[PDB]
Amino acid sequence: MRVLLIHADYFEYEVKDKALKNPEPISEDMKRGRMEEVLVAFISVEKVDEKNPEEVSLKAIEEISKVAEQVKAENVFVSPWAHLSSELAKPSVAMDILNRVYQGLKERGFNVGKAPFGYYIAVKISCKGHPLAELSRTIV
C-alpha cells in the first residue's frame, strides 16, 4: 500500500460520476462532505496487500495515527486513491482494507470521515505547507 498524507485547513468533496459499474451505494447526504483541521489519507491499496489485509491495515492505521498525533490533528479522512501505485488491488480487497483502516482510526479516538468507493470525486483541499504537512508512506 502507498499513502499520501495531507494536513489540511479544510477538505471538501462532491461525488461526481461512477467509476465502477457497481459502486458503493450512498445516500444523498453522502454525496458531499467537508472536514476542517484534518489529516487526509489518500490510500492506494495494492495487489501485494491481498496477501495480508489485516497486517497491512494495522500498519496503515498506526502510521496515519502517528502523523495525526504528531501534527495535532483530531480529524482524519480516509480516501481511496489510484495514484500512488500502478499495481492496484481488486475492489473487494481495496474496500476491505479501507474499511478496516477507517474502523481502526475510529477506535484510536479520532473523528474519522471516509469517501465512498468506486466514484470520480471532485475535491477541494487547502494544504497547510508547514514541514510535516505532506508526507508519503509505503506499507508492505
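In case it trips you up, residue 1 is the first one in the sequence shown, and so on.
Two stretches are in play, 85 to 93 and 98 to 106, and the higher mean C-alpha B-factor belongs to 85 to 93. Remark: stretch with higher mean C-alpha B factor among 47 to 55 and 31 to 39 is 47 to 55.
For the set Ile26, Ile61, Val67, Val76, the PDB entry assigns the largest Cα B-factor to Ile26. In the PDB entry, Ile125 places in the lowest third of its chain by CA B-factor. The deposited CA B-factor of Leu135 belongs to the middle third of values across its chain.
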